[PDB]
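Values below: all heavy atoms of this structure, side chains included; hydrogens, waters and symmetry mates excluded. To find a chain, count down the sequence lines: A is the first, B the second, and so on, and within it residues start at 1.
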Number of protein chains: 2
Amino acid sequence: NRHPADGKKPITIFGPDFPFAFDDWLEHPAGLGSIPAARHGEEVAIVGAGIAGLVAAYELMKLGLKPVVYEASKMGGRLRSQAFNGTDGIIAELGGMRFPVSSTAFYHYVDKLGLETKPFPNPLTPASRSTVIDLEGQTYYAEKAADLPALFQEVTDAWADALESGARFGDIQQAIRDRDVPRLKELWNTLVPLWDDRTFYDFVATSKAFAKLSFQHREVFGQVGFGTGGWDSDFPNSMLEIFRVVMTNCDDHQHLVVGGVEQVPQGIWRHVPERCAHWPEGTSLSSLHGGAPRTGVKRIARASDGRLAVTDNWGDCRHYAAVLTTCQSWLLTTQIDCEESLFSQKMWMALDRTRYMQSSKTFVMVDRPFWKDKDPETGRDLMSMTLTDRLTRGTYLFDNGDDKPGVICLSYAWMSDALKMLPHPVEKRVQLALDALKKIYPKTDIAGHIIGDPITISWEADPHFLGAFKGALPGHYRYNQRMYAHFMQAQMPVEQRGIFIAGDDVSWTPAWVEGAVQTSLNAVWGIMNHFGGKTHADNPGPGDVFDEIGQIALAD
Amino acid sequence: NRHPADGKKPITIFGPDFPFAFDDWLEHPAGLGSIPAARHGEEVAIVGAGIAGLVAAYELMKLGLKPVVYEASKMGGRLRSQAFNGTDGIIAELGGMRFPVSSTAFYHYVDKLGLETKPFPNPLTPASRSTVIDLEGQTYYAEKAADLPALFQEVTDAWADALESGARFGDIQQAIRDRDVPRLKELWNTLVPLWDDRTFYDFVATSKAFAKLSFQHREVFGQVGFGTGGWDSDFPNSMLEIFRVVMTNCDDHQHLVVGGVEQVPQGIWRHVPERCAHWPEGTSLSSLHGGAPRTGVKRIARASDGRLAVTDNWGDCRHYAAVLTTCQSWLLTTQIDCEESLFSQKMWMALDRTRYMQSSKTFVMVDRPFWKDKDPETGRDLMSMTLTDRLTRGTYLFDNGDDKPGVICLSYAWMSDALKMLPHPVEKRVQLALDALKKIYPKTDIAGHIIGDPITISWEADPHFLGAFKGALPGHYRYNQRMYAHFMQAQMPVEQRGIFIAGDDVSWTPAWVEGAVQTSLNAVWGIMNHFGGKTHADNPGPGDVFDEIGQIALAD
Ligand SMILES: Cc1cc2nc3c(=O)[nH]c(=O)nc-3n(C[C@H](O)[C@H](O)[C@H](O)COP(=O)(O)OP(=O)(O)OC[C@H]3O[C@@H](n4cnc5c(N)ncnc54)[C@H](O)[C@@H]3O)c2cc1C
Ligand SMILES: Cc1cc2nc3c(=O)[nH]c(=O)nc-3n(C[C@H](O)[C@H](O)[C@H](O)COP(=O)(O)OP(=O)(O)OC[C@H]3O[C@@H](n4cnc5c(N)ncnc54)[C@H](O)[C@@H]3O)c2cc1C
Ligand SMILES: N[C@@H](CCCC[NH3+])C(=O)O
Ligand SMILES: N[C@@H](CCCC[NH3+])C(=O)O
Ligand SMILES: N[C@@H](CCCC[NH3+])C(=O)O
Ligand SMILES: N[C@@H](CCCC[NH3+])C(=O)O
């Protein structure tokens, strides 16, 4: 139980758009349901061996199907843990790195695997010893929030007030705690039509609290943020997306997975459940595949026999009664030739109009966590978690024990600040970061502690992603609602049935692994239903309650 | 005279933020002023040989200085015309392509060089024979606006009414026509605090006209636009930016330069004025350089003698009393080591927070303008200017005469639609565009007419730009105001004087060539002033009236 020890019922990612108890579904001893025995052993294609792909595969295998996973690049997708030269257990998190404990469906799989987690070192948490804020050449050091000048407290207070006055934050959170669905939906559904079409930035600037403060206060709020770095990158996003972040504590109480979160997908791959339908004891996704996913998918089409024909990179064509796609949504045009008649024209527009955000990270390894040392004159740590308006933006320090090498994320950038780095090689990104940090820390010799190889990523640049994660712009609620409900196919024409989607791009909470796991499980219900299956009476699943508690539809 | 023949005083790009008559300044027989003879021949460095750099060089040469232009990549910057294999006069416009005749300072140079222009083929203009709109698989063909279904006219009506009700469009345009400065500033200054912090989308959705229409109406408005393609890409931008586009007719009455707009910067380079101060007859920028700009700049610092030290790619270091930089703003951090004390901390923030937009274009050549042929059954053109929600977005047809080859821009994309193409090679971009067009035109064999080589660009990818052009996000008014005014140095500390900036990123109107020219001319005044010069009493210039009619400052 990683929840904060505050004596309350815990905040979880429980809707608010679809407040279904994924955790309870997953933990119930009846299982996720059954498929008729005569269909046991039939294949279902799953494009993408990211977390959504492998979650859907694992559970469908448990239901007595043979998932067939395809993966065009690397195992784990945006959960990716690259090992530094010559080390064991020392990694850089290139995608997902800090996992809110509200992510109960994600953590089900973490615990099923027996993996260890620890608090992530976000600013001003017990996990981080100190934080340095550097803005317009003015540098502030703090071991607790009270060490900061008054403006920073004025900003936090205004933010908390805008959420309470503007969104009924307190009431929503209590309903989440209690899992009081009618109440949560009443409270949430009111916000949906009021904020789809307005931005994060608009919410802030027009709120009472910020409107009476200087421009500089909301500016500073953009650059330094509310617990997890500056979110000026997301000022443009629809406010509903942000409401979702804060209401479900995605931005608080976060852990990193010891040894790398890539152990989650790699472990699901290899995991042998005690009880599968159909399959013999000792069966895993890996044993069913003979060890690897298939190669990348090049084409999806409807075959004359009514099945879906999937052709790989090397022209191998295989037929399936159903196909789940988990690649980011653009790839169904840019990377796969997906026959158009497989989605409605309304669906294509959702898939095609979804915006993906940009992200950069640059990492080095260091011989020891030297930042813990004290400057004798000042009493400060030699280095801190760094928030700045310089090009690095966010710098994060990873302590692996005094007797092991440290890891430093030199820069974690979003959007514009990511785009600055796009065409530059690793050596240049490192240099620029180190020069930026030398300005903030003139006395600290970081370069002198650096060992191993540097590691960078730009998710935008990779043709298998075309972005770090979705970001909902204002007015995209309708596209999301279509994509999120696509697993409910009882009213679709026959020509559109049997193909499914999932991923954090399908979810209402992109950039958060829980969104990939929950939509993945919705698709599991959908695929089960497609094979003539159904949930157990004592353990109803997504599609059994979707029509009553799913996301509101808006007007045409 | 390329202005519309409507018998009115023409709309020009006259403010509204700084309603200075650049064209009058330029055309006045007295010239732009003078610099004391004792400083004739001294050097001023100019970073970048795009339009802002070459304009500033040209005029400073005329004032008796020796500009020294640096260029790290290609001549002309974002005015780029690439010639297709084996051809003469047949180009693709990779940057700037359609130049609003309201751009009177830009067209001063076009006409000084004697270049020929013709109306650009935008949808439903005399320059275009027909337009095809393709949305959610429904295709509409039109030779005049009246051929379109009713919804499209409801959209245009609502857009025009939102501008009239919401922005006093009529009154502002009249004040622009009359060059009534007090009135224009009154009418504009009211809008500045009201729309800095709000998006284009918010302007549209909350306007009376669109709020009573369906979502689908503003959705279609995003995909199809108001004369120059769909601008859903800019829905996130501050509304002040859009107001500036429409109020100054940037989006109407556009011409292309025959033979390519790159002839403008290449012609300025080579142009020999009748009278320069100091320089002998026959002097050009080219003759003054020996033919070529210097190579790229790697560093700018304050030398111990007070001058500015500029070090090129090859380590050659040269000293200057002044330096103009015209590269896009990020490059003063990514591409040049620009000493931090050379700009104020408020300026660095403007420079570093500015957002750059993405843009893609894919072009092919064809043996003849076969699109003009008629399908005998339908009476339609074989192909039209195409607006679509497919990945191409906008397709443009260039007729060079029946006896010459045609040029087709298969796709001109912004933002997300640009990002789709980022990592893909030209061949892939062409194929995707042709497969999208096949769907819209199943009977037209475009591929069969294609000849020559394909041409693509992604401005985001190029380390000498890092974007196509700035796009002001809500709340960016203050950063633009800082950048726009930086050429006024009378109250700066000494350590910050002598460096200047210019470019369409400095301007209020990014993505428009007139913004680069006007800011370039402000920099001209600033540099003249820096060398102890002044304008002629009968021809006052930017910095002589800036304190009285320049851009309003906003509160802290
Ligand atoms: C920089 C960054 C930081 C993040 N930080 C956090 C965080 O701190 N906390 C958090 O909770 N979440 C975080 N996330 C989000 C998290 O990583 C995602 O929600 C999740 O990993 C996405 O999972 P997915 O299954 O939806 O898709 P993916 O991980 O994208 O998996 C999809 C797979 O499809 C593959 N594919 C593509 N094309 C084809 C093809 N033609 N054929 C076959 N396969 C193909 C891809 O290679 C990929 O492996 C972060 C993401 C990024 C990018
Ligand atoms: C896709 C696109 C479409 C456009 N369409 C239109 C249009 O339709 N109508 C219109 O009016 N305008 C349009 N524009 C805008 C127009 O192209 C610009 O406003 C203008 O040409 C930019 O001039 P500039 O001098 O500001 O900068 P740039 O043209 O970027 O010039 C800066 C120069 O400096 C160089 N440089 C960079 N780093 C260094 C270094 N370290 N040292 C030396 N030099 C360096 C660059 O290589 C470049 O040559 C468009 C722009 C784009 C990208
Ligand atoms: N341009 C620098 C910052 C200089 C100003 C810092 N206050 C950067 O992005 O890192
Ligand atoms: N969940 C990620 C991304 C947050 C920004 C969302 N656009 C993080 O905590 O870093
Ligand atoms: N995915 C296709 C569009 C299919 C739907 C078109 N109405 C594209 O981006 O071009
Ligand atoms: N001048 C460019 C403007 C692009 C939109 C600017 N955000 C064009 O006409 O195509």
Minimum heavy-atom separation for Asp417(A) and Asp352(B), please, with both atom names.
OD1-O, 4.5 Å

Are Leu135(A) and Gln223(A) packed together at the side-chain level, in the sense that at least one heavy-atom pair is separated by less than 4.5 angstrom?
yes

For the SG atom of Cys409(A) and the CE atom of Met97(A), what is their distance to the nearest 0.5 Å?
5.0 Å

Are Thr206(A) and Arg198(A) close enough, and set up right, to give a side chain to side chain donor-acceptor pair (under 3.5 Å), and what steps lead you there?
CA-CA 11 Å; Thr206(A) 61; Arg198(A) 296 180 68 179; 3.1 Å; yes

Please indicate whether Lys118(A) has more than 12 foreign heavy atoms, meaning atoms of other residues, nucleotides or ligands, lying under 6.0 Å from its NZ.
yes

Are side-chain heavy atoms of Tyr201(B) and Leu473(A) found at a separation under 4.5 Å?
no

Do the non-hydrogen side-chain atoms of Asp234(A) and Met357(A) ever get within less than 4.5 Å of each other?
yes

Could you go step by step and tell me if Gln138(A) and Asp134(A) meet the side chain to side chain donor-acceptor pair (under 3.5 Å) rule?
CA-CA 6 Å; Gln138(A) 306 176 352; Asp134(A) 179 85; over 6 Å; no

Looking only at heavy atoms, the pair that brings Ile13(A) and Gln518(A) closest together is O-NE2, 3.1 Å

Within this structure, what is the CE-CD1 distance for the pair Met247(A) and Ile242(A), rounded to the nearest 0.5 Å?
11.0 Å

If you define the side chain from C-beta out and look only at heavy atoms, does anything of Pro16(B) sit under 4.5 Å from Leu187(B)?
no

Under the criterion side-chain hydrogen bond (donor to acceptor under 3.5 Å, both in side chains), which of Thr386(A), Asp232(A), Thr388(A) is the partner of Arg393(A)?
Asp232(A)

Contact summary for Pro236(B) and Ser233(B), nearest pair of heavy atoms:
CD-O, 3.6 Å

I'd like to know if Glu340(B) and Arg390(A) make a salt bridge, using a cut-off of under 4.0 Å between side-chain N and carboxylate O.
yes

Carboxylate-amine/guanidinium proximity below 4.0 Å for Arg355(B) and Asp505(B):
no

Close side-chain approach of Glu241(B) and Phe200(B), heavy atoms under 4.5 Å
no

Criterion side-chain contact (heavy atoms from CB on, under 4.5 Å) on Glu219(B) and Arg353(A), from CA distance to verdict
CA-CA 11 Å; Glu219(B) 174 183 49; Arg353(A) 273 338 109 213; 5.9 Å; no

Does some side-chain heavy atom of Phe203(B) sit less than 4.5 Å from a side-chain heavy atom of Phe243(B)?
yes

Checking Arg482(B) now: which residues fulfil salt bridge (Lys or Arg N to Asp or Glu O under 4.0 Å) with it, not counting sequence neighbours?
none

In this structure, OG of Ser416(A) is separated from CE of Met421(A) (nearest 0.5 Å) by 12.0 Å

Stepwise, does the ring-ring contact (aromatic ring centres under 6.0 Å, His included) test hold for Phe120(A) with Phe99(A)?
CA-CA 8 Å; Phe120(A) 189 90; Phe99(A) 296 105; 8.9 Å; no

Hey, does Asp197(B) have a side-chain heavy atom less than 4.5 Å from the side chain of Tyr477(B)?
no

Before accepting this row, confirm whether a basic side-chain N of the pair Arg78(A)/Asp504(A) lies closer than 4.0 Å to the acidic partner's carboxylate O.
yes

Checking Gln481(B) now: which residues fulfil side chain to side chain donor-acceptor pair (under 3.5 Å) with it, not counting sequence neighbours?
none

Relative to each other, are the rings of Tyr479(B) and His476(B) parallel, tilted or perpendicular (30° and 60° limits)?
tilted

OG of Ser507(A) to OH of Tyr484(A), rounded to nearest 0.5 Å, is 7.5 Å

In terms of side-chain geometry, is the basic nitrogen of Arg478(B) or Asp196(B) positioned less than 4.0 Å from the acidic oxygen of its partner?
yes

Enter the distance from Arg177(A):CZ to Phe14(A):CZ here, rounded to the nearest 0.5 Å.
13.5 Å

Could you tell me whether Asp556(B) atom CG has more than 12 heavy atoms of other residues or ligands within 6.0 Å of it?
no

For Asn249(A) and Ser102(A) the tightest heavy-atom approach is O-OG, 3.6 Å

Neighbour count above 12 (heavy atom, 6.0 Å) for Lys208(A) NZ
no

Taking the inter-plane angle between the rings of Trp159(B) and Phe221(B) on a 0 to 90° scale, is it parallel (under 30°), tilted (30 to 60°) or perpendicular (over 60°)?
tilted

Could you tell me which residues satisfy salt bridge (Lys or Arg N to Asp or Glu O under 4.0 Å) with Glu186(A), sequence neighbours excluded, listed by chain and number?
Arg183(A)

Classify the ring geometry of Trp414(A) against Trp231(A): parallel below 30°, tilted from 30° to 60°, perpendicular beyond 60°.
perpendicular

Evaluation steps, side chain to side chain donor-acceptor pair (under 3.5 Å), between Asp251(A) and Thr228(A)
CA-CA 7 Å; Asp251(A) 69 314; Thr228(A) 61; 5.6 Å; no

One thing to verify: whether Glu143(A) and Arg129(A) come together as a salt bridge, which I'm taking to mean a side-chain N less than 4.0 angstrom from a carboxylate O.
no

Find the distance between NZ (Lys185(A)) and CG (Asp180(A)) and round it off to the nearest 0.5 Å.
13.0 Å

4.5 Å side-chain heavy-atom contact, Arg98(A) and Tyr412(A)
yes

For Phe152(A) and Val220(A), the nearest pair of non-hydrogen atoms, with its separation, is CE2-CG1, 3.5 Å

